[PDB]
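Here's the letter readout for the chains.
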Amino acid sequence: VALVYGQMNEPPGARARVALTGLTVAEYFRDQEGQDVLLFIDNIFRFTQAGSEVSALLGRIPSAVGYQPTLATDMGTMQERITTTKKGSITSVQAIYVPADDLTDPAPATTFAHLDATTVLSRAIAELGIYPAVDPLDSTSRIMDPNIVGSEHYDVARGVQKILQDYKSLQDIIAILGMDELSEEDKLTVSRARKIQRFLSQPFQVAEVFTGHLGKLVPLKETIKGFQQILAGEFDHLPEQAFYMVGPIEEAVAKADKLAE
Amino acid sequence: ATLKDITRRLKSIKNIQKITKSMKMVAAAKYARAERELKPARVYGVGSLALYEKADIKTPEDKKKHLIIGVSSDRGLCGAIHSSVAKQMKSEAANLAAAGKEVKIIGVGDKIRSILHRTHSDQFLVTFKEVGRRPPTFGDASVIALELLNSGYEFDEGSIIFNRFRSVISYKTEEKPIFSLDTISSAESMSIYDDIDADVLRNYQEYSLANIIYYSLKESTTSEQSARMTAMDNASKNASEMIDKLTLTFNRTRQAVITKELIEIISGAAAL
Amino acid sequence: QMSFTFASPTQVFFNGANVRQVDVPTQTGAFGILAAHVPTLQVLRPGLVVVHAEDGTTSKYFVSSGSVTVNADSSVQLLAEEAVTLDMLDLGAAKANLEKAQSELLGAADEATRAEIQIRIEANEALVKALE
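Calculation notes
Residues numbered from 1 in each chain as written, not as in the entry; some residues may be left out. Chains lettered and ligands numbered in written order. Part of a larger assembly, values for the part shown. Heavy atoms only, no water. Salt bridge = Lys/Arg side-chain N within 4 Å of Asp/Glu carboxyl O. Helix = DSSP H or I, 4+ residues; strand = E, 2+ residues; numbered from the N terminus. Buried < 20%, exposed > 50% of the residue type's maximum accessible area, 1.4 Å probe, protein only. Domains from an automatic or database assignment. Buried area = accessible area lost by both parts, 1.4 Å probe. Polar contact = N/O pair within 3.5 Å; in protein donor to acceptor, adjacent residues only side chain to side chain. Pairing = 2+ DSSP bridges. Axes fitted to C-alpha atoms, helices over the stretch in contact; angles between N-to-C directions. Contact = heavy atoms within 4.5 Å. Core = buried A, V, L, I, M, F, W, Y, C linked by side-chain atoms within 4.5 Å. Nonpolar A, V, L, I, M, F, W, Y, C, P; charged D, E, K, R; others polar. Expected span 1.5 Å × (residues − 1). Parallel < 35°, antiparallel > 145°, perpendicular 65-115°, else oblique. Left-handed = near helix turned anticlockwise from the far one by under 90°.

Asks: Is there a simple way to explain the pattern of salt bridges in this structure?
Replies: Close approach of charged atoms allows side chains with opposite charge to pair. Taken as a whole, this structure holds 20 salt bridges over all chains when the rule is applied. Put simply, A:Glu251 and A:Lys216 hold a salt bridge, and the shortest N to O gap is 4.0 Å. One end of the pair, A:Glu251, is in helix 8 (residues 249-259); the other, A:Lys216, is in the loop between helix 6 (184-199) and helix 7 (220-231), and 35 residues separate them in sequence. Residue classification places A:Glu251 among the partly exposed residues on the basis of a relative accessible area of 32%. Residue A:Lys216 is classed as partly exposed on the basis of its relative accessible area, which comes to 30%. Across the pair B:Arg228 and B:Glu224 runs a salt bridge, and its minimum N-O distance is 2.8 Å.

And the structure:
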């Protein structure tokens, strides 16, 4: 990684250029190696705020809710330099701050006009033990479409998201205890989706240096095969603990074998 | 609207939503208690109804003294329970208006007399209070039987309109025949049976009153807690939806206030 | 044959079960019952249910009040009021209570009051006769 730190103690002229500087380094990687590059911008709201304060200092009449007139244009320049080309594939992952927990604010309005995935991180499923709690039910990716990623991938993804939504509803009902285990289908989908929520964890290689849980890379085909074989009822006879912090599905089989002692 | 108005409104409905979830969980706990209490009292009552079904004595006609026993809740906030009970009660009252005369009635709870201050405000004879706070027992049903019998009144026919429990979502409002005087009993089927002397059978009849009133009270309290849990679930959902709508209009009002104040300051500094 | 559905506002016993002999232990006079029996409707006493379910079981326990009803097809509804077991009772409370009932019966003046203290003392004395 190459780091470009534009600190807060700098004026906003020197903070509305940090995205431009890191994007220029990544555009070197795109246009002279033809590489698969990642621009990680830790904050799009501070970029918009820095551009707002530049256009406030330059005497321009400000826009709506407090921002600059040039908001969509500046986000257009940067967020359209980070697009793919014929040679390389720069890709931004960007940490985004919404003000007042509002979505209709103009900085998230332009940001979500350029966004594609919006993966949620949270503490609820982290206090469920899964690290880190990337919420999928609140993460609406645009590429999730069987015309783009394939019919098997989209079928598995719809099955997983539907079975966790149904688990959230039946978790509410089993928490209030109305039918107490509502049916065999209720207990079946609770067992399946509890296994899936334990399986969404993955041991990370950056956490290998202080935790002995070795970090695995899991390719796309193995994720498809694993969630397809879990949703198909093939591994119903395994405990739910055999999926927590395991990389592929066959190592979850071996973990179920090594737990049976 | 203004900004402080929508802030007040959102505070009010967030509190109503939290309190309605609290009522939902209280109704769920009392529902679980009433459901686990419902198992012995169901068999007791269906045994009494089974002995009155095998001894299927009919009702003698062309007499007066009828009795409707309204058994429901005292404290509402539980859906369309008391509406259905009052509907069935006044339908039986209009059916017992023709060819019956003494439709003097008894009822429990504040809500039954509160839904009967207008149409039959003369005919309600006794009313009860503090039902549905504690779970219903047998000694309070004994108090109902003593206030029906020792407070002297004689009746030959009528109905005990009880809230019938069926499921977590549904319920039922329907009657049971209350066979009342010994002559209704000792007509033919007791002459087939044995040891049917007047005192034994009338003490049996008073105990049958206490029996069906116990069954009615526990059935009505279980239906009360089920429908109250359903009503507070739906009210929490409607309050959460209106919190979402009012938060959206609060945010757009906030942005309009910021843009208005900004345009005033910029217009001042430009016209300077 | 007979279905001895015993119940009480606390719990239910044998509801829908083939029982061979029930000593139905009442106010008019404690009498047994078997499968084929005349149909009857009687109230109860502070008295003593002895159930025998097909195998020589002798399970006796105590009943405050209630009602027995049998039909032609023998469906024995014994709907008691407070049905306690011999694993549930004590002795000295009943002894002191019958002494209190004796004293209050020597102090009673009204007919309803004397009737209440007589049913109290006869519940206590049939209770202690069940106890010992």
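Anyway, onward from the coordinates.
Asks: It is not clear to me how the domain arrangement of chain B should be interpreted in this structure. Could you clarify?
Replies: Note: interface size is frequently given as the accessible area lost on complex formation between the parts. Residues and elements named next belong to chain B. Its domain assignment divides chain B into domain 1 (1-25 + 232-272) and domain 2 (26-231). Each partner contributes to the roughly 680 Å² buried at the junction of domain 1 and domain 2, and carbon and sulfur atoms together form 51% of this total. The largest share of the area that domain 1 buries against domain 2 comes from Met 23, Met 25 and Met 232, three residues that together contribute 66% of it. If you look at where domain 1 meets domain 2, you find zero salt bridges. Where domain 1 meets domain 2, there are 14 residue pairs in polar contact. When residues of the side of domain 1 that touches domain 2 are traced back to their parent elements, those giving at least two are helix 1 (3-54) and helix 7 (198-271).

Asks: Can you walk me through the sheet that holds strand 6 (residues 47-52) of chain C in this structure?
Replies: Strand pairing in a sheet relies on backbone hydrogen bonds. The paired strands run either parallel or antiparallel. All names here are of chain C. Read from one edge to the other, the open sheet built from five strands follows the order 4-3-6-7-10, with strand pairing classed as antiparallel. Both outer strands of the open sheet, strand 4 (31-33) and strand 10 (83-85), are each paired with one neighbouring strand and no more. Across the sheet, the mean angle from the axis of one strand to that of its neighbour is 25 degrees, orientation sign disregarded. Note: strand 3 (residues 21-24) against strand 6, three bridges, orientation antiparallel. Within strand 6, the position partnered with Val 22 by the bridge is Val 51.

Asks: Would you mind showing me how to read the interface of chain B and chain A here?
Replies: With eleven residues of chain B at the interface, the matching set in chain A holds twelve residues. Taken together, both faces of the contact between chain B and chain A bury some 1,000 Å²; the carbon and sulfur share is 65%. It is B:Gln255, B:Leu262 and B:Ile266 that lose the most area in chain B upon contact with chain A, and together they represent 38% of the buried surface on that side. Where chain B meets chain A, there are four residue pairs in polar contact.

Asks: When you look at the nonpolar core in this model, what are you seeing that I'm missing?
Replies: It is characteristic of soluble globular proteins that their nonpolar side chains tend to be buried jointly. Residues B:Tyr44, B:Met190 and B:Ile213 are the most contacted members of the largest nonpolar core, which totals 41 residues. Secondary structure elements with two or more residues in this core: helix 1, strand 1 (66-71), helix 4 (139-149), strand 4 (157-165) and helix 7 of chain B together with strand 5 (40-43) of chain C. The element that contributes the greatest number of residues to this core is helix 7 of chain B, accounting for ten residues. Excluding its chain neighbours within four sequence positions, the residues that come into contact with B:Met190 are B:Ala55, B:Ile57, B:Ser185, B:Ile196, B:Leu201 and C:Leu41.

Asks: Would you take a moment to explain the environment of C:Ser74 for this structure?
Replies: Residue and element names in this part refer to chain C. By the element assignment, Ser 74 lies in strand 9 (residues 74-80). Remark: the alpha-carbon pair of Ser 74 and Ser 3, spanning 71 residues in sequence, is separated by 6.5 Å. Apart from residues lying up to four places away in sequence, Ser 74 is in contact with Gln 1, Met 2, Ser 3, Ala 35 and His 37.

Asks: Before we go on, may I ask you to explain the interface of chain B and chain C in this structure?
Replies: Counting from both sides, the interface comprises 20 residues of chain B and, opposite them, 25 residues of chain C. Roughly 1,900 Å² is buried in total at the junction of chain B and chain C, and carbon and sulfur atoms are behind 69% of that figure. Of all residues in chain B, the largest losses of buried area upon contact with chain C belong to B:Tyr193, B:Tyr204 and B:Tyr207, amounting jointly to 27% of the total for that side. Seen at the junction of chain B and chain C, the total is zero salt bridges. Where chain B packs against chain C, one counts eight residue pairs in polar contact. Among the secondary structure elements, those contributing two or more residues to the side of chain B that touches chain C are helix 1 and helix 7 of chain B. With nine residues, the single largest contributor to the side of chain B that touches chain C is helix 1 of chain B. Of the residues that constitute the side of chain B that touches chain C, the class distribution is twelve nonpolar, four polar and four charged.

Asks: So what exactly am I meant to see when it comes to unusual backbone geometry here?
Replies: Excluding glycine, most residues fall at negative phi; most peptide bonds, likewise, are trans. A:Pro132 follows A:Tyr131 through a cis peptide bond whose omega is -10 degrees. Note on placement: A:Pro132 falls in the loop between strand 3 (120-122) and strand 4 (133-135). Despite not being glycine, A:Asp101 has its phi angle at roughly 50 degrees, a positive value. Summarising the element assignment, A:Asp101 is placed in the loop between strand 2 (91-95) and helix 4 (106-114). Among the residues examined, A:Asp101 registers a relative accessible area of 64% and is labelled exposed. Its identity as a non-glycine residue notwithstanding, C:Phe14 has a phi of 55 degrees, on the positive side. Its relative accessible area of 36% is what places C:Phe14 among the partly exposed residues.

Asks: Whenever I open this one, helix 1 (residues 18-32) of chain A confuses me. Can you help?
Replies: Three or four residues apart is the spacing at which side chains of an α-helix point the same way, because the helix has 3.6 residues per turn. All names here are of chain A. The end-to-end C-alpha separation of helix 1 is 21 Å, in line with the 21 Å expected for 15 residues at 1.5 Å each. All buried positions along helix 1 are accounted for by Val 18, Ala 19, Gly 22, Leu 23, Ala 26 and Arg 30. Each element contacted by the buried residues of helix 1 is listed here: strand 1 (38-42), helix 2 (45-57) and helix 3 (71-81). Where helix 1 ends, the next residue or the one after it, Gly 34, has phi of about 75 degrees, a positive value.

Asks: So what exactly am I meant to see when it comes to the packing of helix 1 (residues 92-107) of chain C against helix 2 (residues 111-131) of chain C here?
Replies: A pair of packed helices is captured by two measures, namely the crossing angle of their axes and the spacing between those axes. Residues and elements named next belong to chain C. Direction vectors running N to C along helix 1 and helix 2 enclose 150 degrees, while the axes themselves pass 9 Å from each other. When the axis of helix 1 is compared with that of helix 2, the two are roughly antiparallel. Crossing hand, helix 1 versus helix 2: left-handed. Counted together, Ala 94, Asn 97, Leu 98, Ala 101, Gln 102, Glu 104 and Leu 105 of helix 1 and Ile 117, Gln 118, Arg 120, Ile 121, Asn 124, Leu 127, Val 128 and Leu 131 of helix 2 form the full contact between these two elements. In terms of residue class, the contact of helix 1 with helix 2 is made up of nine nonpolar, four polar and two charged.

Asks: Hey, could you run me through the side chain of B:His120 in this one?
Replies: With respect to the helices and strands, B:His120 occurs in the loop between helix 3 (109-114) and strand 3 (124-127). Beyond its immediate chain neighbours, meaning those up to four positions away, B:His120 contacts B:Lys90 and B:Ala93.

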